[PDB]
Amino acid sequence: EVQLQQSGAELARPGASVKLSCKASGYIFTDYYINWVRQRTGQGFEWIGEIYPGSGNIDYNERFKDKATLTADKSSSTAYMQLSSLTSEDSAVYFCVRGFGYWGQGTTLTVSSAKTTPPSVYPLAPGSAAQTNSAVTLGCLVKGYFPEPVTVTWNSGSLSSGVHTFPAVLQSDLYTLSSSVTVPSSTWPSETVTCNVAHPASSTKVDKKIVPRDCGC
Amino acid sequence: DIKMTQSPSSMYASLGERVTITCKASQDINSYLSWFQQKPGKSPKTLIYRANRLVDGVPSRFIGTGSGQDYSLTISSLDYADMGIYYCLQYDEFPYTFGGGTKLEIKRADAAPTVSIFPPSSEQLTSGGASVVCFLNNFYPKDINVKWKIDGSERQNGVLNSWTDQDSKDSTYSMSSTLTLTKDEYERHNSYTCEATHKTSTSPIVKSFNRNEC
Amino acid sequence: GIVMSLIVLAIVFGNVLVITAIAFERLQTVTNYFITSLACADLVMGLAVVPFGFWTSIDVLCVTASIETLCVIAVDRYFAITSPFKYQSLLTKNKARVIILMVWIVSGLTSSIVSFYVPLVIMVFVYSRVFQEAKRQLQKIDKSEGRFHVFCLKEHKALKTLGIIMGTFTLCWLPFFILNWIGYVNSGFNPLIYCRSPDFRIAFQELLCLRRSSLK
């Protein structure tokens, strides 16, 4: 039970300003500095600066010198990062570490002129009653949403062994993704199987059961 | 500020062997270096700091050992769960600079995919359009291939592909190809096939469906 | 005039909330024993010098004991750091008083070179040495300390609080020893910098039946 809570999803219009937070709770806040590292899409890490909650020393990295401004809250035991005049290239995942020991959850900040729009979970069931396996693979394609990201579990987290979820590929200024699942054919149509979906950017959670098929196909 | 190269970059080790990445900074960090792992879809879990001082909880098979201007993270007896991207970090002086990370994959046994295609769910259809999903699953080598066929014809226009990183258990590769259409677009054709060609075989694995009986 | 009258209650309040603050257990130390000294050298010089303004007698015994005490700590704090052991001078509690008592009578038996130059000539370097050699250490520390854990940066700010109290009493009484009202200004500046710098913050701001951020 140690952890720095983070927003996970943050939308911001270009030129504006977000103020990410990170509620650490599981240790004594003022016994570790906590840096704020930025890790853009694709890969790579770039330290944004380090602030020592206990004292006040905030050593910024030149680059973000005037861009970001760290700050800590001794009481709340949470720390913040002021990101001013956000630009298209300021979009990335912003991490809040405990001095490079324990990392935070992450906040998928995204600067965009775009308007949010929640997903559309549609269920994919087997076509023509093709009982061609000891198993079965259904899936649920979450189409069109924004911004990133979107948690996608199955059976309310219940199911795990054999479930794949693919990275949201963009497509016409809107994200689209999907998760397939294998189970024993000896189970699904018999026992219930739902697919969960979560879009924090919109604070939108969703469940979609998988009714067999139109009996005709 | 303080460049820190990191060989290798790519790297395929099989289960059991001892893999190894080596980090070398520009300056001289006084063993003020750390090693962590990024796994797709997760926040970085740190393993070692002070060049060799394992973090609490990290499995005893990880070993960091360098000094002055060059180090190296290493694991004897590579475990399946050890797939991801490890990066070396230096905190000797400001600005803290990261390595570039070497990514490590695990060589498994050749395994063809288990493909499956689904027509548009009535639900979407009513909404206004139709997306056809085909799942090329659990296959190794990573290199795979798909091509949509429609009414004997065939095309690759408006298909949304995406592959996954090495799976945990099966340590295999799975891909998802979707060809997004319209209620109309889709209504204009009957046959719909998904052919996947993977080294596994020479005969494309195939799956199809018609829009009528269905 | 009748508007600056609010500047006396400031030299009769902030210096009392401090004297009482010291006279709590944790707030009792050699450092806060000399800082609590400049309280009687601001309150007495406000309820005995500012009002009527023997009146020019206590006007010197007050400002000649300040830059003198400022010379004291600068050395005490030094002896604390240059010390081989923990951070906290060796000046015992009683010998701190015995040493404090001798700062007044010698301030009474007392010149810009005797009660100003001399006390500031060294006081700025005995401290300079400190603020400096307090840096080499500050990070001769293990980088890992604080980011991997499982004198520090704190006591580095306690010299920041004592680093401006000695750095404000200089720009307030220098243009005068080189404006007599500017010198009076450092009467409501110490219990002012002790809020957003040292522990005092809570020590005395919440003593008044929980000020504001008392989980308001």
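Residues numbered from 1 in each chain as written, not as in the entry; some residues may be left out. Chains lettered and ligands numbered in written order. Heavy atoms only, no water. Residues with missing side-chain atoms left out of burial classes, pairs and counts.

This entry, as listed in the PDB, derives from X-ray crystallography and reports a resolution of 3.400 Å.

The name given to chain C in the PDB entry is Beta-2 adrenergic receptor, and the organism recorded there is Homo sapiens. The header of this PDB entry states its title as "Crystal structure of the human beta2 adrenoceptor". Within the UniProt record for chain C, the comment given under Function is "Beta-adrenergic receptors mediate the catecholamine-induced activation of adenylate cyclase through the action of G proteins. The beta-2-adrenergic receptor binds epinephrine with an approximately 30-fold greater affinity than it does norepinephrine." (UniProt positions renumbered as here; feature names shortened; annotations may be inferred.)

The name that the PDB entry assigns to chain B is antibody for beta2 adrenoceptor, light chain, with the source organism given as Mus musculus.

Participant: Is there a simple way to think about the state of the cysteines in this case?
Facilitator: Here a disulfide denotes one covalent bond, and it connects the sulfur atoms of two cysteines. Residues and elements named next belong to chain A. By the definition in use, this model includes five disulfides over all chains. In this model, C22 is linked to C96 through a disulfide, with the two sulfur atoms separated by 2.0 Å. Taking the sign of the S-S torsion, about -85° here, the bridge from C22 to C96 comes out left-handed. With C22 in strand β3 (residues 18-24) and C96 in strand β9 (residues 92-96), the pair connects residues that are 74 residues apart, well separated along the chain. (Disulfide = S-S within 2.5 Å. Helix = DSSP H or I, 4+ residues; strand = E, 2+ residues; numbered from the N terminus.)

Participant: Before we go on, may I ask you to explain the interface of chain C and chain A in this structure?
Facilitator: Where interface size is given, it is often the accessible area lost as the parts come together that is meant. Counting residues at the interface gives 10 residues for chain C and 11 residues for chain A. Approximately 850 Å² of surface area, both sides summed, lies buried where chain C meets chain A, with 51% of it carried by carbon and sulfur atoms. Ranking the residues of chain C by area buried against chain A places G146(C), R147(C) and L153(C) at the top, with a combined share of 56%. Our count for the chain C to chain A interface comes out at one salt bridge. The interface formed by chain C and chain A contains five residue pairs in polar contact. The class makeup of the residues in the side of chain C that touches chain A is three nonpolar, three polar and four charged. (Contact = heavy atoms within 4.5 Å. Buried area = accessible area lost by both parts, 1.4 Å probe. Salt bridge = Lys/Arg side-chain N within 4 Å of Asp/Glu carboxyl O. Polar contact = N/O pair within 3.5 Å; in protein donor to acceptor, adjacent residues only side chain to side chain. Nonpolar A, V, L, I, M, F, W, Y, C, P; charged D, E, K, R; others polar.)

Participant: What's the story with the sheet that holds strand β11 (residues 121-124) of chain A in this structure? I'm lost.
Facilitator: What links the strands of a sheet is backbone hydrogen bonding, and the strands pair in either a parallel or an antiparallel sense. All names here are of chain A. Strand order in this open sheet of four strands is β11-β12-β14-β13, and the pairing throughout is antiparallel. Unpaired on one side and paired on the other, β11 and β13 (163-169) mark the two borders of the sheet. Sheet twist, expressed as the mean angle between neighbouring strand axes with direction ignored, is 15°. Where strand β12 (residues 135-145) and strand β14 (residues 175-184) come together, nine bridges link them in antiparallel fashion. Note that in β14 the partner of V142 across the bridge is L177. (Pairing = 2+ DSSP bridges. Axes fitted to C-alpha atoms, helices over the stretch in contact; angles between N-to-C directions.)

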